[PDB]
Number of protein chains: 6
Amino acid sequence: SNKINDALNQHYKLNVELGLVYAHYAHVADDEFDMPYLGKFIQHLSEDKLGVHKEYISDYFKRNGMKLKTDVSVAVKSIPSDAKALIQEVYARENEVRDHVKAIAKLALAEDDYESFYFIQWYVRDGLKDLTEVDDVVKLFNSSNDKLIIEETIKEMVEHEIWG
Amino acid sequence: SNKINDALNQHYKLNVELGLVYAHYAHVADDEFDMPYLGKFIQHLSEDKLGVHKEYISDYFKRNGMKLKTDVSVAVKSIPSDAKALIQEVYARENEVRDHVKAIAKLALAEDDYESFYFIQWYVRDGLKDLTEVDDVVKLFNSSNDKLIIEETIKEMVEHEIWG
Amino acid sequence: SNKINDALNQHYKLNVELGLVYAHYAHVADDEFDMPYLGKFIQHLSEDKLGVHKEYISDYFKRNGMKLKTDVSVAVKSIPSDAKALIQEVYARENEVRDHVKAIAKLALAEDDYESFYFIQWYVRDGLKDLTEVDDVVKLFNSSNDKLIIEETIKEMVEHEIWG
Amino acid sequence: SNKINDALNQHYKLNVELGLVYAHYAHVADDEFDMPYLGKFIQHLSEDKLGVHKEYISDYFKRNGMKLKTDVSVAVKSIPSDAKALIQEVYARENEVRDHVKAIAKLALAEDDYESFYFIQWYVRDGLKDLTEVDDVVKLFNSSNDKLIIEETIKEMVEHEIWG
Amino acid sequence: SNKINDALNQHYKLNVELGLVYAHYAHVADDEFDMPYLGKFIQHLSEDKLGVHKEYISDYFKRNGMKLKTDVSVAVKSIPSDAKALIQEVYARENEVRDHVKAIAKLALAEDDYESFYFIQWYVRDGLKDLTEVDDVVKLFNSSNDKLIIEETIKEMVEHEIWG
Amino acid sequence: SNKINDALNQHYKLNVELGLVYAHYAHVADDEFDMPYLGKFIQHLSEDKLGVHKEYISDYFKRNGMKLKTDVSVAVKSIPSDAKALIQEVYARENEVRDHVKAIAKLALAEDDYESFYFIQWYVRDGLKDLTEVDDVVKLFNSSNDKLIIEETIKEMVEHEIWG
Ligand SMILES: [Fe+3]
Ligand SMILES: [Fe+3]
Ligand SMILES: [Fe+3]
Ligand SMILES: [Fe+3]
Ligand SMILES: [Fe+3]
Ligand SMILES: [Fe+3]
């Protein structure tokens, strides 16, 4: 399969670049907005993306006999101006990851690769999981105007049989 | 200090890009050369570079009041043809990291930043440590022709009061 | 070395006088501003300054063969009018301690006393540490208008491989 | 009560200044007289005076509604010439603290402050305790001419239901 | 670096020769002066010098790529006549080791070897430590005329966050 | 006995000089031949020679009333060119120590010193022990051409009721 190889290479690319952008966003949150726990939350996301999400693709390429490609071009030229705008940007990125994974699953099923539809089930599920736990934090900025209350709730968040 | 800020931004850049190149090299070693433990060794290096080596720079920039920049451009268009050539490439990269850190230390001392010379002592020491433990593996390919013996020695390597 | 002796005597003087001023400020915070945990924080600072920060200078003078001098003149004739102004005063004092220590380090290196540059590394590092943990509390008074929320955060604060 | 306020402010002043003088005397004992355990004894006295003896006065002023004043002027321009003369100086200072506390107790009883009498009982008792344990060490320099025997006895001292 | 290589070779030489001279001095103290614990103290010094103080130089030469040289010429043709003279000789030797290490540190900094200034910091500190603990025993022979009291104190000596 | 005194002084001399030569040989093995475990083996030999083998002679001289002499002149101007040649040199040195000890034992028995024949029995036995465990490693270089196999066997060696 060359179409599956191309799609999975693209997914690897996007995961690396999201990881780097999230690292920068966590620095900007902790430093410029005085919210260290929002920074720890975004940093947990960044480590998640730069770890197992590409570790698994490399392992699968070892097992099935496909080729790997590395091509990265990241740049951060503009940041949001609040913390609410920051977390809303994060939400949009996750929501786009969902559609990319859906396209991959459809492609895997259209060619009779049932081992590639089995692999992509993990990503199908983790997409909804991560989007849900990001919306959890998005919703707090609509419930309160006090930054310290929000930060205490996020601290408590930081420190399921189908999805979880 | 703007010179110190620029030098540390460049060091951040180089660390990210070395991490990505090492990830690709570990895949190529394990997959194309049938040496999984050489791959685990290079992957340990990659995680080292992509973790604390830039985590510390971001923390220091939080503490002292400097600015961060993110600009990454990595590409892998050619690989070595043996495993000895691979590990020798790794050795050259580490040896260049040494000179970059030495230049930073000299610059920190030339301006009377004694908190930035205190900071860069850690990197001054870890450079020699990492270069030494990479030369340890470089030397095995000159001691034996049997790939399985080398791989057993590397497995045993995988699983000091001044440097260590 | 007479220049090093004079510089270290001056540092001893300043440490004693900062300790006394911080004791008075902690009383004024707890009593006149109804913030007992801000008082506990400033009192921890005062004990820090009046303890090891001069204990170490006396020990070093025992070891290397220098002389000690005692000359103290402290007076508190005016206090701030809020708690934010109080903690900002504390921040300025710490920031001046930083420059004094930097001058001492430069002087130690200009004379070939490498045992006195080894000694002053501890102070070089503890300066940035203490300034950072004071700015942590400075920042809370810009995040909230409720005194009880701030006080709960400070209580939680009250009860690193390079700096910490 | 303004007379009680003035008397307690003066006691705070004297305690701070005795603490500083005792710190200098301990340095001079251990450095210039080769008796490190006499130095540790005098340093224990200094920490005692600079700690709870003024901590309690600040706490009482918090509780009863009095004002605090800070005004310190210490200088050490002349030291004794033996170790016996040093410890005899220490004895005289303690004996004067006794009379100051006695005057405070009389004043508290002359005005019908029975909460200031209850407070000063602690100092009434600790005066005799500290004077007794200082005379214990004063007496050794009349029992022996050998400095090492005296130092061993003091080391053993370093490492009651009414007074103690 | 050839100057650094030469300086470190000389330091290796001096350490070996001091170790041998201290072994002979410990024999002469225990046998000819009837002070076995002074002998144990000097023997501890000798083992210290003949162990890690040259073990570390050989390890560093393994790591950085320098050459080793061995050239030893020791002879003991005259000893002191008391035990005080013996320990004073020991004190002078340590005090000369201090100046040799200071010269090495200056040379390392004059050439931009910041890995050799990181290495020599250990010796910079251990010099003052060892000189202090030797002066501790030097001072006892001025406090007492009784050999058994001195010997008991030394026995008790035999059986810090900056220096220690 | 003056003949016994002279013989034991010579044995002390030879032990010190063998210790120093073995230290240099261990450095040369680990550094120039890429065999760290052969280096650890030779270093263990060096530590034995520089420790108890002369500790016991000094103790015996304390007990029986003989005199000590210190006269050392070591130099290393030429090394072997393989690792087999290195270990064969080590073997010859041990074999010569055997004959020296045999001569001492004969001399002790020729004069009716039965306390010096009781003393030299220990050396008579340890000679054969050390020669045997050195020949164990000598024999491996005739069994294999692979350096890593030899090194694994030596590692396993590194980590009797009559001799042992
Ligand atoms: Fe995830
Ligand atoms: Fe590293
Ligand atoms: Fe501090
Ligand atoms: Fe007391
Ligand atoms: Fe030492
Ligand atoms: Fe032996």
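The numbers here are math on the coordinates, done by the rules we state, and not lab data. Every residue, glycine among them, receives a Cβ derived from its backbone with ideal geometry; neighbour counts consider all protein chains shown.
Annotations for the structure displayed:
- The one condition from (1) part of a loop (DSSP other than H, G, I, E, B); (2) more than 14 Å from chain C (Cβ to nearest Cβ) that D:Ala108 does not meet is (1).
- Test: B:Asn64 is polar (S, T, N, Q), surrounded by fewer than 20 Cβ atoms within 10 Å (Cβ to Cβ) and within 12 Å of the chain's Cα centre (by Cα): no
- Options E:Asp130, E:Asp113, E:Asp135, E:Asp99; residue that is away from ligand 3 (no atom under 16 Å from the Cβ) and assigned to a loop (DSSP other than H, G, I, E, B): E:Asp113
- Members of the range B:56-70 that are outside any helix (DSSP H, G or I) and polar (S, T, N, Q): B:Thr70
- Hey, C:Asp99 of a type in the set (D, E, K, R) and either surrounded by 16 or more Cβ atoms within 10 Å (Cβ to Cβ) or touching a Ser or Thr at 6+ places or on another chain (Cβ under 6 Å) (or both) or not: no
- The listed residue being assigned to a strand (DSSP E or B) and either more than 30 Å from B:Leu128 (Cβ to Cβ) or within 16 Å of ligand 3 (Cβ to nearest atom) (or both), out of E:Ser46, E:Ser73: E:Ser73
- Number of the exception - F:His24 against (1) part of a loop (DSSP other than H, G, I, E, B); (2) under 30 Å from E:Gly39 (Cα atoms); (3) not aliphatic (A, V, I, L, M): (1)
- Odd one out for B:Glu17, checked against (1) crowded, with 21+ Cβ neighbours inside 10 Å; (2) touching a strand residue (DSSP E or B) at 6+ places or on another chain (Cβ under 7 Å): (1)
- Residue match in the range C:37-54 (condition: more than 16 Å from ligand 2 (Cβ to nearest atom), more than 25 Å from C:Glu156 (Cα to Cα) and hydroxyl-bearing (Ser, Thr, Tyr)): no
- Verdict on D:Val134 being of a type in the set (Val, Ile, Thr), more than 16 Å from ligand 5 (Cβ to nearest atom) and within 14 Å of another protein chain (Cβ to nearest Cβ): no
- For the range E:18-70, a tally of residues being on the phi > 0 side of the Ramachandran plot and more than 10 Å from every other protein chain (Cβ to nearest Cβ) returns 1.
- Failed item in (1) at the interface with chain B (Cβ under 9 Å from one of its Cβ atoms); (2) part of a loop (DSSP other than H, G, I, E, B); (3) small (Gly, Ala, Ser), with A:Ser81 passing the rest: (1)
- For the range D:126-146, filtered to residues that are over 21 Å from D:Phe61 (Cβ atoms) and among the charged types (D, E, K, R), the residue that is surrounded by the fewest Cβ atoms within 10 Å (Cβ to Cβ) is D:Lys139.
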